[PDB]
Participant: 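Here's a structure for you.
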There are 2 protein chains.
Amino acid sequence: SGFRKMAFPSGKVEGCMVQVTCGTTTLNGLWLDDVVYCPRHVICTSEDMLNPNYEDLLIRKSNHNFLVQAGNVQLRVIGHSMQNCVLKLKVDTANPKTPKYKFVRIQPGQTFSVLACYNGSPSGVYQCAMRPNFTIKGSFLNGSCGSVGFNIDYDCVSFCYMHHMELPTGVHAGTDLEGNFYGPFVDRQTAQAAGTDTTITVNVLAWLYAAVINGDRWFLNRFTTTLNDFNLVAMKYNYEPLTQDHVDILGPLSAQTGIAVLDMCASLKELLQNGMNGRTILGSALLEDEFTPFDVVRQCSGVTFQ
Amino acid sequence: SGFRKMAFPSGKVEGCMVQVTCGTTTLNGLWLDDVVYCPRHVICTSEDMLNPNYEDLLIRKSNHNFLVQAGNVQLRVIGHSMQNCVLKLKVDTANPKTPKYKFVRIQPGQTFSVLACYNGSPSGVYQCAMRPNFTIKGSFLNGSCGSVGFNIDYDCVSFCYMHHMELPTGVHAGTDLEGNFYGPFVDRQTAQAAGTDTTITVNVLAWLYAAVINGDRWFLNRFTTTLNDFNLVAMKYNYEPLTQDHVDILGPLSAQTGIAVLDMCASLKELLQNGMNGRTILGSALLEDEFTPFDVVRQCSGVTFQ
Ligand SMILES: *[C@H](O)[C@H](C[C@@H]1CCNC1=O)NC(=O)[C@H](CC(C)C)NC(=O)c1cc2ccccc2[nH]1
Ligand SMILES: *[C@H](O)[C@H](C[C@@H]1CCNC1=O)NC(=O)[C@H](CC(C)C)NC(=O)c1cc2ccccc2[nH]1
C-alpha cells in the first residue's frame with residue numbers, strides 16, 4: 001500500500017551522460033553509440049544568446065572546438081551536425097554502456113523520469129509530466145541543460161526529453177531527442193509564455209482511483225453525472241476535456257474498483273465545486289494530475305524492469 | 001529554479017539487488033562482497049509469521065535451502081547467520097559490482113532514497129524521511145521486503161534502511177542493515193502502533209527557506225517570536241520542539257536569504273494558527289516536512305555525485 005511519485009531506476013541512463021564544453025559554456029550530453037547529443041546553445045556566448053544565428057555560429061566551429069568528456073576521459077570529435085535545436089557530435093568511440101534505446105516524442109499528459117545532471121554527472125532523479133501547455137515542473141539550475149527525460153519499457157530506454165530552458169513562471173521547456181521543442185518555445189534568451197496551464201483531467205481521475213484502491217474513499221458521493229455536464233464543469237476549472245478514449249483508458253481501474261467513471265466524475269465535480277474542506281487525499285490537499293492511468297496501475301501492481 | 005522531491009541516482013544500488021527464495025517466500029536481498037543481506041522472515045511459512053521462533057525456524061534450515069538468484073544466475077550459499085532481524089547468506093562469489101559502501105543508522109528527520117524492488121529487480125526510486133515515530137511513508141507491496149534505502153556521499157553508498165513491514169495506518173517499518181528495527185516494531189504478523197506522528201519542525205523551516213529562495217514569499221509576515229513562545233505553538237500542533245542546534249543547522253539558509261530563523265518561526269506560527277487560506281507554497285497546500293536543510297541546500301546549489 002501507499003502511493004508516491006516514483007521515478008524509473010536511473011542506472012541505464014547514468015552511463016550515457018557526458019560533459020560538453022564549447023568555449024566557456026559547459027553542459028550535459030547524451031552518449032549513445034558513437035554520437036553525443038546536446039543543446040545547440042552550447043555554442044553561444046552570453047551575447048549570442050539574445051538573438052543567435054545558429055547556422056552562422058555553427059559555421060565558425062570545428063570538430064576540435066568541442067570538448068566531450070566522459071568521466072576523466074576525452075572523446076574524439078570526428079564530425080558535427082545540427083538537427084533542429086540539438087547538436088550531434090560524432091565521436092570515434094561507441095559508448096560501451098549504450099543501453100537498448102529509442103527516441104520518442106511524448107504526448108501532453110504523459111509522464112517521464114528526469115535525471116538531473118551537472119558537468120555530466122547525475123545529481124538526482126524525479127518524475128515529471130508533460131503539461132498540456134508543453135512545460136514541465138522540474139528542478140533545474142544553470143548547468144542542467146542537456147539533462148534527459150526517459151521511460152523504461154522492459155530493458156529499452158525511451159528517451160523523450162532534453163532540457164533547454166526555464167520560463168519566467170519558473171517552469172521548464174525543452175526538446176525531444178530530434179531537437180524539436182515541445183510547445184512554442186525557441187532557444188533564445190527572451191521571456192516566453194507557455195499560455196494557460198490546464199489540468200490533466202484523466203490523470204486526476206487515475207489518482208482518485210489510486211486513492212480508492214489505497215482506502216481513501218471519503219470524497220465518493222451519492223451522485224452520478226454525464227460527460228457533457230461534467231465537462232461543463234471541467235471547462236470552468238481549466239480541466240482538459242474528457243473524451244471517451246479517456247474513459248476507455250480508465251476502464252481497468254474502474255473495473256478493478258467497482259466505481260463507474262461517471263460516478264468518479266461526479267465526485268470530482270463536487271471537489272471542484274466544494275474544494276476539500278481542509279481534508280487530504282493520498283496525503284495531498286490538492287488534486288494531483290501528474291500520474292497517468294498506467295502509472296497508477298504499475299505502482300498498484302508492482303511492475304518491474306531490468 | 002523549482003523544487004522537487006528528488007532521489008539519488010540508483011545505478012550503484014541496482015547492481016546489488018538479488019532475489020532470495022526459501023520455500024515459497026521470495027523477497028529481495030542486497031549483495032555486497034560475498035554476503036547477501038535479507039529480512040529473516042523469508043524463512044517463515046504463512047503460519048510461522050503469527051508467532052515465529054526465528055532461532056528454532058533457522059535451525060531447521062541449511063545453506064542449500066536458500067536460493068539466491070542474481071539475474072539468471074544462482075549464487076552458492078556456503079554459510080548463513082542471523083543478525084537481529086536480518087539474515088546474512090555467505091556466498092562463494094564477491095559481487096563484482098559492489099560499490100564503496102557503509103552501513104549507517106539514520107536519525108529521525110533525515111531523508112534517504114528507496115529503491116523499490118520485486119523479485120530482485122528494481123521497480124522505482126523515491127525519497128523518504130524517517131519520521132519522528134520511526135516510520136516512513138512509502139509505496140510497498142507484497143514482494144517488496146528487502147528493498148533498501150540509501151544516501152550517496154561522493155562515490156560512497158550509505159545504506160540505512162531495509163524494508164520489512166506495513167502498519168495498519170498504511171505506513172512502513174524496517175531495519176538498519178544490522179537488522180535492528182527503527183522504532184518499537186517486531187517482525188511478526190500483528191497489528192502494531194507507531195504512536196503520534198509529530199512534524200519535523202526543522203525540515204518545515206528548511207522548506208520555507210527553499211520557498212523563499214524560489215521566490216514564494218507571501219507567507220512572510222511583519223512579526224518575530226522567541227523559541228519558547230514558538231515551541232508553545234509547536235507543541236499544540238504536534239511539531240517536534242525546535243532546539244538551538246536546529247537553529248545552527250538552518251544558519252546558512254538564514255544567511256543566504258537574509259531572513260532570521262525566529263522571523264521564519266513567526267511566519268510559521270501564523271501558518272499553523274491561520275492555515276494557508278487556500279494558497280500554496282512550492283505547489284503544495286500543506287506544510288512539507290520531508291526535506292532536510294541539507295536537501296534544500298544541495299537542490300538549490302546543484303550538488304552532484306559519481
Ligand atoms: C541550461 O543549463 C539553462 C537551464 C536554465 C538555467 C536556470 N534554470 C534552467 O533550467 N538554460 C538557459 O540558461 C537558457 C539558454 C537559452 C539560450 C536557451 N536560457 C533560459 O532558460 C532563459 C532565458 C530567459 C530570459 C528571460 C526569462 C527567462 C529566461 N530563461
Ligand atoms: C514483505 O514483502 C512485506 C511487505 C508488506 C506487504 C504489504 N506492504 C508491505 O510493505 N512484509 C510483510 O508482509 C510483513 C511480514 C512480517 C512477518 C514481518 N507483514 C506485514 O507487513 C504485516 C502484518 C500485519 C498484520 C496486521 C496489520 C498489518 C500488518 N502488516
Side-chain angles (χ1 to χ4, degrees), chain A residues 1-14 99-100 110-115 122 124-128 149-153 155-158 206-207 210 213-214 282 290-306, chain B residues 5-21 25-31 36-39 42 69-72 97 112-128 136-150 152 157 159 161-166 170-172 174:
Chain A
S1 164
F3 202 77
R4 296 296 309 286
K5 209 169 273 180
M6 199 166 306
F8 290 96
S10 60
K12 281 139 101 167
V13 182
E14 288 165 51
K100 210 201 141 186
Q110 293 196 258
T111 56
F112 56 94
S113 297
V114 170
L115 180 69
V125 65
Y126 50 91
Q127 196 74 354
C128 284
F150 64 99
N151 290 104
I152 298 185
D153 42 299
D155 48 349
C156 185
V157 183
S158 294
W207 172 81
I213 287 163
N214 276 272
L282 292 171
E290 303 216 350
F291 298 97
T292 66
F294 171 77
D295 293 347
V296 171
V297 168
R298 108 188 185 234
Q299 185 173 163
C300 295
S301 79
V303 165
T304 55
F305 332 86
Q306 230 344 110
Chain B
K5 209 169 273 180
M6 199 166 306
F8 290 96
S10 60
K12 281 139 101 167
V13 182
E14 288 165 51
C16 292
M17 302 310 304
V18 303
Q19 178 194 58
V20 181
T21 305
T25 306
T26 184
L27 50 62
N28 311 282
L30 182 75
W31 182 24
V36 172
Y37 305 80
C38 72
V42 72
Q69 205 174 310
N72 309 292
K97 300 180 173 179
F112 56 94
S113 297
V114 170
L115 180 69
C117 293
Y118 302 88
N119 296 296
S121 295
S123 167
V125 65
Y126 50 91
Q127 196 74 354
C128 284
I136 67 179
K137 296 152 97 176
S139 184
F140 293 109
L141 306 167
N142 204 18
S144 63
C145 289
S147 300
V148 296
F150 64 99
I152 298 185
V157 183
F159 293 106
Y161 179 81
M162 175 173 273
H163 185 52
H164 296 241
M165 160 164 293
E166 183 169 292
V171 297
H172 298 105

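Lettering follows sequence order; numbering is per chain, from 1. All heavy atoms count here, side chains included; hydrogens, waters and symmetry mates do not.
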Participant: Please answer whether the main-chain N or O of A:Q306 pairs with a side-chain N or O of A:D155 as donor and acceptor at a distance below 3.5 Å.
Facilitator: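 No; zero donor-acceptor contacts below 3.5 Å.
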
Participant: For A:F305 and B:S121, work out which heavy atoms get closest and say how close.
Facilitator: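 The answer is O-CB, 3.7 Å.
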
Participant: Over 60° means perpendicular and under 30° means parallel, so classify the ring planes of B:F140 and B:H172, tilted if in between.
Facilitator: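 The arrangement is perpendicular - the two ring planes meet at more than 60°.
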
Participant: Would B:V13 and B:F159 satisfy side chain to side chain contact (heavy atoms under 4.5 Å, CB included), going step by step from the backbone distance to the final call?
Facilitator: CA-CA 9 Å; B:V13 182; B:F159 293 106; 4.1 Å; yes

Participant: Roughly how far apart are B:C128 SG and B:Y161 OH, rounded to 0.5 Å?
Facilitator: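 Reported value, rounded in 0.5 Å steps: 8.0 Å.
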
Participant: Side chains of A:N214 and A:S1: is there a donor and an acceptor less than 3.5 Å apart?
Facilitator: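 There is such a pair (donor and acceptor under 3.5 Å, judged by atom type) between the side chains of A:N214 and A:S1.
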
Participant: What is the distance from atom SG of B:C117 to atom CG of B:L27, rounded to the nearest 0.5 Å?
Facilitator: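 If we round to the nearest 0.5 Å, B:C117:SG and B:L27:CG are 11.5 Å apart.
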
Participant: How close do A:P9 and B:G124 get, counting heavy atoms only, and between which atoms?
Facilitator: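 Result for this residue pair: CG-N, 3.9 Å.
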
Participant: Just by distance, do the side chain of B:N28 and the backbone of B:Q19 share a donor-acceptor pair under 3.5 Å?
Facilitator: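 Not a single qualifying donor-acceptor pair exists.
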
Participant: For the backbone of B:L141 and the side chain of B:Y118, can you confirm whether one donor and one acceptor N or O come within less than 3.5 Å of each other?
Facilitator: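 Checking the backbone N and O of B:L141 against the side chain of B:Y118, a donor-acceptor pair under 3.5 Å is found.
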
Participant: Among residues at least two apart in sequence or on other chains, which ones pass salt bridge (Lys or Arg N to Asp or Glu O under 4.0 Å) with A:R4?
Facilitator: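 Expected list: none.
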
Participant: What is the minimum heavy-atom distance between A:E290 and A:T111, and which atoms define it?
Facilitator: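 Distance-wise, the nearest heavy atoms are O-CG2, 3.2 Å.
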
Participant: Does any N or O in the side chain of A:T304 come within less than 3.5 Å of the main-chain N or O of B:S123, such that one atom is a donor and the other an acceptor?
Facilitator: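 Here the side-chain-to-backbone pair does not exist.
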
Participant: Provide the closest heavy-atom pair for B:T25 versus B:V42 in the form atom of the first, atom of the second, distance.
Facilitator: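 So the two residues come closest at CB-O, 3.6 Å.
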
Participant: Is the distance between the ring centroids of A:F3 and A:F291 under 6.0 Å?
Facilitator: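 Ring-ring flag for A:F291/A:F3: true, centres closer than 6.0 Å.
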
Participant: To the nearest 0.5 Å, how far apart are CE in B:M165 and OG in B:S144?
Facilitator: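 These two atoms lie 11.5 Å from each other.
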
Participant: Verify, without hydrogens or angle tests, whether A:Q299 (side chain) and A:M6 (backbone) share a donor-acceptor contact under 3.5 angstrom.
Facilitator: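 Checking the backbone N and O of A:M6 against the side chain of A:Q299, no donor-acceptor pair under 3.5 Å is found.
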
Participant: Roughly how far apart are A:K12 NZ and A:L115 CG, rounded to 0.5 Å?
Facilitator: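 The CG atom of A:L115 is 14.0 Å from NZ of A:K12, to the nearest 0.5 Å.
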
Participant: Does A:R298 count as lying over the ring of A:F8, i.e. NZ or CZ under 6.0 Å from the six-ring centre, within 45 degrees of the axis?
Facilitator: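 Yes, A:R298 lies over the aromatic ring of A:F8.
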
Participant: If every non-hydrogen atom of B:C16 is compared with every non-hydrogen atom of B:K97, which pair is closest and at what distance?
Facilitator: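 Heavy atoms of B:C16 and B:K97 come nearest at SG-O, 4.3 Å.
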
Participant: Which heavy atom in B:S10 sits nearest to a heavy atom in A:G11, and how many Å separate them?
Facilitator: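 Minimum heavy-atom contact is OG-N, 4.4 Å.
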
Participant: Looking at B:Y37 and B:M162, would you say the former's side chain and the latter's main chain have a donor-acceptor pair under 3.5 Å?
Facilitator: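 Side chain of B:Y37 to backbone of B:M162: no pair is present.
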
Participant: Roughly how far, to the nearest 0.5 Å, is the CG atom of A:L282 from the NZ atom of A:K5?
Facilitator: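 Here the interatomic distance stands at 12.0 Å.
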
Participant: What is the distance from atom CE of B:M17 to atom CG of B:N119, rounded to the nearest 0.5 Å?
Facilitator: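 Reported value, rounded in 0.5 Å steps: 11.0 Å.
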
Participant: Quick one: does B:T26's side chain have a donor or acceptor within less than 3.5 Å of a partner on B:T21's backbone?
Facilitator: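 Not a single qualifying donor-acceptor pair exists.
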
Participant: For the backbone of A:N151 and the side chain of A:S158, can you confirm whether one donor and one acceptor N or O come within less than 3.5 Å of each other?
Facilitator: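 No: the side chain of A:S158 does not pair with the backbone of A:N151.
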
